[PDB]
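Taking it in order: structure first as structure tokens, then the write-up.
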Amino acid sequence: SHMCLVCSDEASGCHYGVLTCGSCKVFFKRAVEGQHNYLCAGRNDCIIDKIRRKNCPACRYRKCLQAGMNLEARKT
Amino acid sequence: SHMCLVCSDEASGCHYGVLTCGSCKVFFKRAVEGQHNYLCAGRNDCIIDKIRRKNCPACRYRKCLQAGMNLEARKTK
DNA sequence: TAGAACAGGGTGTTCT
DNA sequence: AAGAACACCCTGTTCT
Ligand SMILES: [Zn+2]
Ligand SMILES: [Zn+2]
Ligand SMILES: [Zn+2]
Ligand SMILES: [Zn+2]
């Protein structure tokens, strides 16, 4: 009951390999299967917090990936 | 000139005083008539264009004001 | 944990 | 022009 590793909201467990909130869990699944090519409108370093995480899915997705989120994580 | 001065998409006319596209017309009306408590996740200079204008309402609204958008542009002869 | 599904919000086009 | 309104999409929650 701590804090999302992606946005620093309240984490609701470990999803796809990483301690993340529920909003980040579902955002990640959607980004991976939708195959979206997001583009940042700043510098590829946007603030991803509870308030701003929706602004830049490019940087949010990148953070997910860099925290090591992965769909075949449980299979491991 | 026929490009939107807020996002560079194709402008459809002069709205609220400024050459803009229909999306920036209604975005601006919505932002002025309501709350626009928006937060930039970058450094307040996000690139606002057709493909990214959705990412940052803080910056898209600053750009509208900066271009001179105002609701009473019409009644302002 | 993982996913469907719903419900709310923002967007951008049509307005036979 | 200006504005209503509709469909679409994205997000985040509740439920399984
Ligand atoms: Zn999160
Ligand atoms: Zn970004
Ligand atoms: Zn525009
Ligand atoms: Zn911004």
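Every chain is numbered from 1 and lettered A, B, ... according to where its sequence line falls, protein lines coming before strand lines.
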Atom-to-atom span, CZ of A/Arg53 to P of C/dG9 - whole angstrom: 15 Å
Of B/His15 and B/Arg30, the one whose closest DNA chain D nucleotide lies more 5': B/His15
Please give, in whole Å, the distance from C/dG10 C1' to B/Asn37 CG? 12 Å
Nearest-nucleotide comparison on DNA chain C, the residue closer to the 5′ end among B/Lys25 and B/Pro57: B/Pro57
In Å and rounded to the nearest 0.5 Å, what is the NZ to CE distance from B/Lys29 to B/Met69? 11.0 Å
A/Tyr61: which of A/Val32, A/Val6, A/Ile48 passes side-chain contact (heavy atoms from CB on, under 4.5 Å): A/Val32
Tell me which nucleotide, if any, is Watson-Crick or G-U wobble paired with D/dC6 when both distances must be under 3.5 Å. C/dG12
Plane angle bin for A/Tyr38 and A/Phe27 - parallel if under 30°, tilted between 30 and 60°, otherwise perpendicular: parallel
Any side-chain N or O of B/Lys54 below 4.0 angstrom from OP1/OP2 of C/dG12? yes
Rounding to an integer number of Å, can you tell me how far A/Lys50 NZ sits from D/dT11 P? 15 Å
Candidates D/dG3, D/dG12, C/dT11 - which lies nearest the side chain of B/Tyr16: D/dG3
Write down the distance between CD1 (A/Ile51) and P (D/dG12), rounded to a whole number of angstrom. 12 Å
From C-beta outward on B/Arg60, which listed nucleotide comes closest to its side chain: D/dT11, C/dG12, C/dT1? C/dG12
Salt-bridge criterion met for A/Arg62 and A/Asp45 (N-O under 4.0 Å): no
For A/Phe27 and C/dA2, give me the distance from atom CZ to atom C1', rounded to whole Å. 18 Å
Gap between atoms CG and P, on B/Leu19 and D/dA2 respectively (whole Å): 12 Å
Could you tell me how far apart A/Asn55 (CG) and C/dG9 (P) are, to the nearest whole angstrom? 17 Å
Nearest whole angstrom, please: distance from the P of D/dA2 to the CZ of B/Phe28. 11 Å
Is it the case that over 12 heavy atoms from other parts of the model lie below 6.0 angstrom from the CD1 atom of B/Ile51? no
Starting the side chain at C-beta, find the nucleotide from C/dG3, C/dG12, C/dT1 nearest to B/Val26. C/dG12
Could you tell me whether B/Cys14 contacts a base, only the sugar-phosphate backbone, or nothing, with contacts defined as non-hydrogen atoms closer than 4.0 Å? sugar-phosphate
